[PDB]
Structures are given as structure tokens and as C-alpha cells.
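Peer 1: Experimental structure and its sequence below.
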Amino acid sequence: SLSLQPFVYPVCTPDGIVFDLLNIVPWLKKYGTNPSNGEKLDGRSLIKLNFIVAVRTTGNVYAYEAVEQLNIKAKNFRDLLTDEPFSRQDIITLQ
Amino acid sequence: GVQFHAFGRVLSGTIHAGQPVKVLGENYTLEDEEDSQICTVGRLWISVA
Amino acid sequence: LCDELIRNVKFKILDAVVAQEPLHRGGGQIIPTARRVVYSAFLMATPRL
């Protein structure tokens, strides 16, 4: 979210952002709150991600183009398999 | 050149100036509401050639 | 072929092999595979512009 770069070490906050593990650690040390929401967050609450695109919800691989088209179609934002909401931003691109 | 105005014949209903209208989409007006962008048209008038 | 709309072509699916578990195996990632199958069917049918 903050860097707009690929995460060195992916993590997620309850906010549900993909700012690797850099942004969260700095915000917790300074504020003790999540930068997006401003809600209190602890380091423990952070969830670290375990280290062709994959959707987090389906956890399935898809052609990148196909995924993007489903996310942005008429109300087909969520996800073809799960139909759980999913954005382009939280699509993980595999190298 | 910058301002566009819509035209058409309503079927059954009458809101004169103040009442806004929830605009519908071409394909975004299904049961899954994607885009409405409700605005208010207070300059609705009839026209001639 | 040349990024043009297909017309007058019936792509008959002869035989298929489905996954036993769609949540475990590929269940939502078969549409690019079906697009590649349709492209290989249209390319190997002696096309004409």
C-alpha cells in the first residue's frame, strides 16, 4: 500500500493491505496503530505471509489477464471461484 | 461544447426540477448494482428545431 | 489468428478430462486452458480470412 513495491517480506494487517512487513513494523513502533484505519494494532496481530498470478482468496493460479478481466467486469469484482470480494491490488504476481 | 444534455421520452412518471434521479447504466444497471452516480437535473425543459 | 471476431465456426468438444476435486485441483483456472484449446482448434482447422 505504502511503497507500491513488491514486498520484501509480505505480511497483512487486519486492514487487509499488502505493504509487505516494512510499513507495519514502522507504524507499530511509532504509533501502535494501523496506518490505514488508525485502529490499534500490535506486532503480534500482524499476519506474516509464507514466502502466473494467484488470488489470495481462491489460492488458485490464473492467467494474469484472465484474473484482471474477472475482477473488473460487471460486478464480477470478487473472484470467479469463491465470489469473495477481491481487488486487482491484492493479486499476487508470481515471477 | 463542454456541457452535454440528454433527451428522451419518459414512460410513466413526473419529477419536475428539484427531484434528483438515480441514473442507470448500459450494462451496469443489472441486479448487481455497479454504477449509479445519482445527480440532480434542474434544467429539464422541452425543445424545438 | 489476426485478432478478429470468429464467425461460422462450431468448436465441437470431443473428449475432456475433468479434475476430481475442483477446490484442490484447478477448478477456476480452466478458462485460459479452454481459451488456449479454442485457439488451437481455430488454428488447426485450415482457417481463412
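Peer 2: Ah, there it is. Residues are numbered from 1 along each chain as shown, chains lettered A, B, ... in the order given.

Peer 1: Just confirm residue C:37 is within a helix.
Peer 2: Yes. Secondary structure assignment places residue C:37 in a helix (DSSP: H, G, I helix; E, B strand; the rest coil).

Peer 1: how near is the residue of chain B at minimum distance from chain A to residue C:31?
Peer 2: Of chain B, the residue with the smallest distance to chain A, taken as CB to the nearest CB, is residue B:32 at 3.2 Å. C-beta here means a position set from N, CA and C on the backbone, and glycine is covered the same way. Plainly put, residue B:32 is 20 Å away from residue C:31 if you go by CB to CB, to the nearest Å.

Peer 1: give the contact list for residue A:35.
Peer 2: A:1-2, A:15, A:19, A:23-24, A:27 (CB atoms under 8 Å, 6 or more residues apart in numbering or on different chains).

Peer 1: looking at the residues you listed, which has the most residues close by?
Peer 2: Across those, neighbour numbers were computed from other CB atoms under 10 Å in any protein chain shown; residue A:24 holds the maximum, 25 neighbours.

Peer 1: which ones are touching it?
Peer 2: By CB under 8 Å, 6+ apart, residue A:24 lies in contact with A:11, A:13, A:34-35, A:41, A:43, A:46.

Peer 1: just the buried members of those residues?
Peer 2: Burial of those was assessed by neighbour count (16 or more other CB atoms under 10 Å in any protein chain shown); the buried members are A:11, A:13, A:34-35, A:41, A:46.
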